[PDB]
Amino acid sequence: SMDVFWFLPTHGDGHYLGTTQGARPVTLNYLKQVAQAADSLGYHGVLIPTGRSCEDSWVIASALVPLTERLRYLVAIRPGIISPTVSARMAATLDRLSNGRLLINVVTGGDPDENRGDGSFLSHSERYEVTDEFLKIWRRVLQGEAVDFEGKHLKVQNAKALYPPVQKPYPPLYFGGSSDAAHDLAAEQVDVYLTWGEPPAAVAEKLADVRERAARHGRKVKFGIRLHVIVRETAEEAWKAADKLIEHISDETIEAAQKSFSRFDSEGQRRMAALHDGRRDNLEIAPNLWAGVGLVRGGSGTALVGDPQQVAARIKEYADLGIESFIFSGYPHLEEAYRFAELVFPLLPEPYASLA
């Protein structure tokens, strides 16, 4: 069992990092190009990022749903800046229009400055308290229940969603986060726990922690990983692309990016930035795991680099740990979606082996 996702670059796209050379602006036409490419190639879905640097996820996902047949959309909900009852009605409507193709990514918000710009002034513990109260209302409302809820942060009275979703009991909940509060929330309410591309040993420890917490609640959760990928026909070509991707990066931009990550209140971001510490040398932190992406890009900071045999082998290693969802990306997002499907799909389990 394996779900392979792609990524919609709603914050921008291009050939290189840290420079405007060869940059592609986010347009409806280009988003349509990437989404329809992923649809026809047979990817399970696409992850749509959310944040101040992105166009709105819900507008994009809804606009592309009628233009695609099978592709699923992993769209982010952001508790604390929208009413849970309103959020559930949006989730139901999009799930209904898409005929059950909506997936939910629970995003807590790691940048306090970004959160204060949205009107939320909560501490790290308070953000997860809101998310816990949010998910309880959202899950119960989508199951047809008239919800009365009075917690520390959220209060609703007779909350209903009159239009039930297609997927039961509700669209699957995906969630990522590395703090103790995050792991407790994942073990109790979510369906899939997502992690960024740490080395296999570190990933295994995070998964074991979630399993133990989930077992105490009598639940099991599935696991997914988010990874950039630079795959070519030969390993030499792949590594040249990795060097070419970050050649135009200045040392000033590396210093500014690391200082901005230090201001983030996110344990996942602190772990991702601690793999390189803004150092251009020794970026291969593990076999075929290259951390050059994290020099500038925020969030996902590691990439699998190599020929198809090497990339599939690293995928198999993550798969052997219990991971069933893989969310890949590449620069630029259109071309690399074709490249990954044509070079790696035949080496993956069904149905990806037969798609190519």
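Quick note: we count residues from 1 along the sequence shown, nothing fancier.
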Notebook entry, point to check: What stretch has the higher average Cα B-factor here, 5-13 or 344-352?
Noted result: 344-352
Check: For the C-alpha atoms alone, is the average B factor greater in 255-263 or in 100-108, going by the entry?
Finding: 255-263
Notebook entry, point to check: Hey, out of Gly177, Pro84, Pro199, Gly117, whose CA B-factor is highest in the deposited coordinates?
Noted result: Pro199
Next item on the list: Using the temperature factors in the entry, find which of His248, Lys155, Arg226, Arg127 has the highest value at its Cα atom.
Entry: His248
Check: According to the PDB entry, is the CA B factor of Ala76 in the bottom, middle or top third of its chain, that is, lowest, middle or highest?
Finding: lowest
Item checked: Third assignment of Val192 from its chain's C-alpha B-factors -> middle
Margin query: Where does the C-alpha B-factor of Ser325 rank in its chain, lowest, middle or highest third?
Written below: middle
Checklist line | Third assignment of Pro332 from its chain's C-alpha B-factors | finding: lowest
Next item on the list: Among all modelled residues of this chain, ranked by Cα B factor, put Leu289 in the bottom, middle or top third, i.e. lowest, middle or highest.
Entry: highest
